[PDB]
Number of protein chains: 2
Amino acid sequence: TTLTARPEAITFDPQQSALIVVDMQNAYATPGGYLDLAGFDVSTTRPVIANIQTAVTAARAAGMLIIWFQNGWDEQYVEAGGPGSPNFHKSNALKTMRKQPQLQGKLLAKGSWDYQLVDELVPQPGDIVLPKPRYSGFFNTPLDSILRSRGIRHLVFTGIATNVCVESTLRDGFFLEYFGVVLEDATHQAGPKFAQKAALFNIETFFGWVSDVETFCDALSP
Amino acid sequence: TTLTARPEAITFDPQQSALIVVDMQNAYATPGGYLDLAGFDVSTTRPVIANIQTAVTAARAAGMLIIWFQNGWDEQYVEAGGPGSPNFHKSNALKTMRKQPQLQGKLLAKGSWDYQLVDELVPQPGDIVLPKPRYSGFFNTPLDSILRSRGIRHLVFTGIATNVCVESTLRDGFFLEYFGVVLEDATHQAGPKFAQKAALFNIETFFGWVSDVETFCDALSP
């Protein structure tokens, strides 16, 4: 398949490719979730959700592997690292719960509402659903092994946050010799609008390719 | 020692810390280098070189290990990967040399002027100088091994490009449980000015700490 993209069009075989849906959890997309409680603007993610559903339908119909990430930890946050991990000190979820003990054990907690995939996005049998304990899906997980076991070299990225979990997984994928493309209108940033712009620029200019959902779906139609 | 920083101050032992000077080569800081020839703006890097000299002097006098990176490859670019690597298709140096054949073998090439550290920055006995074949110093190198072998958990980052090799190495350091701080006035971005602001925003908000050279030197003086 030839996919129109920035900075130029690329080729991939859908049957040797994966669509990765990064962290489409209430924490990252839904009012009252972690990012919202932590002061980030989540009011504009509805079109991102619908666009991911569209992209998943097309990708699965074309034979691409669908991989869903869920970011977060056990309710006791053992897996988040204690004070000896920089993650303990950087996580805005952990910071929010330290400021608001009423939320302690709810943000990004396995089995909780915050951790759930948003209602509109439901993995299907045969999809892979991966928990990850840090922003990048290529650290501390079997993601690389899962992809290599199927000969997959091309990754199409969707999800939240463009500049954090999405971009980190795409950047680390590049260092592991994966070709990564992001569907820009199926992502949303964590931060001001310049964070979306800069993540797309860094991806396009140094790490991978940028396309969009309509272009992706039309490229898959055969 | 307390280092005042964004989003809050941190504490560290300079003896168990490293100052990393990322890719301060002619390619990234000097007129007529790769970045300049590739259309990026390098007209403001003179104060960055000066600020790195100041930070390197304070770091060494405090017992911090100095690590210098040089990004690049053999002159035949075997180490940049062939067409099977996304690096072959993304590297703006390889792009530029395919566009301007007079430059083939001259950009980011071991033994070339482009590849040299800028004249003003001279590694000293006891420092470590490391080549790296991709943007992140934590892939395809012994960097993690070197730091673990000395019990180092705190990394202070300087160099170019803030949003590419600097941020990538800091992000990956975080995934390897390192506490990373960037000295903002000892860096420069590759791209428009929003790429500087956005890299610092991502580091401050999700990955590590932002400080500056004068704050760093003052913190080390006892």
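For this deposited structure, the header cites X-ray crystallography as the method used and 1.59 Å as the resolution.

Draft legend 1. Looking closely at the overall build of chain A. When helices and strands are tallied, chain A shows nine helices and eight strands. Relative to its length of 222 residues, chain A is compact, with a C-alpha radius of gyration of 17 Å against a globular reference of 17 Å. Dimensions of chain A along its principal axes, counting C-alpha atoms only, are 50 × 35 × 35 Å. In chain A, 75% of the contacts between residues at least 6 apart in sequence involve partners at least 24 apart.

Draft legend 2. Expanded view of helix α9 (residues 213-220) of chain B. Residue and element names in this part refer to chain B. All buried positions along α9 are accounted for by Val213, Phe216, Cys217, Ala219 and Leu220. Along the axis of α9, the buried positions cluster into a sector of 160 degrees, meaning they face one direction only. For α9, the exposed residues lying more than 90 degrees away from the buried face are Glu214 and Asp218. For α9, the elements touching its buried residues are β1 (2-3), β3 (17-22), α3 (46-61), β6 (154-160) and β7 (179-188).

Draft legend 3. Inspection of the interface of chain B and chain A at higher detail. Every contact between the two is made by 44 residues of chain B and, on the other side, 44 residues of chain A. Roughly 3700 Å² is buried in total at the junction of chain B and chain A, and carbon and sulfur atoms are behind 65% of that figure. Area buried by chain B at its contact with chain A is led by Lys90(B), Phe175(B) and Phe206(B), which between them contribute 19% of it. At the surface where chain B touches chain A, the tally comes to six salt bridges. Counting residues per element, the ones that place at least two in the side of chain B that touches chain A are α4 (86-90), α5 (92-99), α7 (162-175) and α8 (193-207) of chain B. In terms of residue count, α8(B) provides more of the side of chain B that touches chain A than any other element does, 10 residues in total. Across the side of chain B that touches chain A, the residue classes break down as 21 nonpolar, 12 polar and 11 charged.

Draft legend 4. A look at the pattern of salt bridges. Residue and element names in this part refer to chain A. Tallied over the full model, the rule gives 18 salt bridges over all chains. Here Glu79 ties to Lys110 by a salt bridge, and the two come within 2.9 Å at their closest N and O atoms. With a gap of 31 residues between them, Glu79 in the loop between β4 (65-71) and α4 (86-90) and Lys110 in the loop between α5 (92-99) and β5 (128-132) connect regions that are remote in the sequence. Residue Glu79 is classed as partly exposed on the basis of its relative accessible area of 34%.

Draft legend 5. The sheet that holds β3(B), seen in detail. All names here are of chain B. If you walk across this open sheet you meet the six strands as β5-β4-β3-β6-β7-β8, and the pairing is parallel. At either end of the open sheet lies a strand with only one pairing partner, and these are β5 (128-132) and β8 (209-211). Averaged over all pairs of adjacent strands, the angle between their axes in this sheet comes to 25 degrees, without regard to strand direction. For strand β4 (residues 65-71) and β5, the ladder comprises five bridges, and the chain directions are parallel. Each residue of the ladder has a partner; that of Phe69, found in β5, is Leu130. Its contacts with the sheet place α8 against β7 and β8, and it is angled at close to 165 degrees to β7. Strands β3, β6, β7 and β8 of the sheet are contacted by α9, whose axis makes an angle of about 130 degrees with β7.

Draft legend 6. Representation of α3(B) in the model. With 16 residues, α3(B) should reach 22 Å at 1.5 Å per residue; the first-to-last C-alpha distance of 23 Å fits that figure. Phi for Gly63(B), located one or two positions after α3(B), is positive at around 85 degrees.

Draft legend 7. Highlighting the relation of the copies chain B and chain A. Expressed as a screw transformation, the operator carrying chain B onto chain A has a rotation angle of 179 degrees and an axial translation of 0.0 Å, and the superposed copies differ by an RMSD of 0.2 Å. Taken together, these values place the two copies in the relation of a two-fold axis. For chain B, the residue whose C-alpha comes nearest the rotation axis is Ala198(B), separated from it by 3.2 Å. Taken together, the interface assignments show that 100% of the residues at the interface of chain B recur at the interface of chain A, consistent with an identical surface on both copies.

Draft legend 8. The arrangement of the UniProt feature "active site" in chain A in detail. Residues and elements named next belong to chain A. Following the UniProt record, one finds the feature "active site" at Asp23, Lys132 and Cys165. These annotated residues cover 143 residues of sequence, and their C-alpha atoms lie no more than 10.2 Å from one another, placing them together at a single site. Structurally, the position occupied by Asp23 is in the loop between β3 (17-22) and α1 (26-29). Once residues lying within four places of it in the same chain are set aside, the contact partners of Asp23 are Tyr28, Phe69, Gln70, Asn71, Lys132, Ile160 and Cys165. Relative to the helices and strands, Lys132 is located in strand β5.

Draft legend 9. Molecular detail of the pairing of strand β7 (residues 179-188) of chain A. All names here are of chain A. Where burial is concerned, most of β7 is hidden: eight out of the 10 residues are buried. The pairing of strand β6 (residues 154-160) with β7 spans six bridges and is parallel. Counted as the bridge partner of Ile160 is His188 from β7. Inspection of the sheet shows β7 paired to strand β8 (residues 209-211) by three bridges, in the parallel sense. Directly across from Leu183, in β8, lies its bridge partner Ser211.

Draft legend 10. Quick peek at unusual backbone geometry. Residues and elements named next belong to chain B. Geometrically, the link from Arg6 to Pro7 is a cis peptide bond, its omega value of 5 degrees lying close to zero. The residue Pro7 is located in the loop between β1 and β2 (10-11) in this model. Between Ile160 and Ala161 the backbone carries a cis peptide bond, its omega angle lying at -5 degrees. Relative to the elements of secondary structure, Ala161 occurs in the loop between β6 and α7. Despite not being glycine, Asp23 shows a phi value in the positive range, around 55 degrees.

Criteria and thresholds
These residue numbers run from 1 along each chain by written sequence and may not equal the entry numbers. Residues without coordinates are not shown. All chains are assigned letters beginning at A, and all ligands numbers beginning at 1, according to the order in which they are written. To get the side-chain values, all heavy atoms of the structure are used, and hydrogens and water are removed first. Residues with missing side-chain atoms are left out of burial classes, side-chain pairs and their counts. Numbering of helices and strands runs from the N terminus, with a helix taken as a DSSP run of H or I at least four residues long and a strand as a DSSP run of E at least two residues long. Within these notes, the globule rule equals 2.2 Å times the number of residues to the 0.38 power, and the radius of gyration is based on C-alpha atoms. Throughout, a contact is declared for two residues whenever any of their heavy atoms are within 4.5 Å. Buried means the residue's accessible area, taken with a 1.4 Å probe over protein chains only, is under 20% of the maximum for its type, while exposed means over 50%, and partly exposed covers the values in between. Note: the arc covers the axis-to-C-beta directions of the helix. Here the buried area means the combined drop in accessible surface, using a 1.4 Å probe, for two parts upon being joined, counting both sides. What makes a salt bridge here is a side-chain nitrogen of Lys or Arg within 4 Å of a carboxyl oxygen of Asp or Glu, nothing more. Classification used: nonpolar for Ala, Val, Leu, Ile, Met, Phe, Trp, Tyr, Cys and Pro, charged for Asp, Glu, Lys and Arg, polar for all others including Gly. In this scheme, strands are said to pair when DSSP sees at least two bridges between them. In this analysis, axes come from line fits to C-alpha atoms, helices being fitted only over the stretch in contact, and the angle between any two N-to-C directions falls in the range 0 to 180 degrees. Under the convention used throughout, the expected extent of a helix is 1.5 Å for every residue step, that is, one less than its residue count. The copies are aligned by least squares, using only their C-alpha atoms. UniProt positions are given in the numbering used here, feature names are shortened, and annotations may be inferred rather than shown by experiment.

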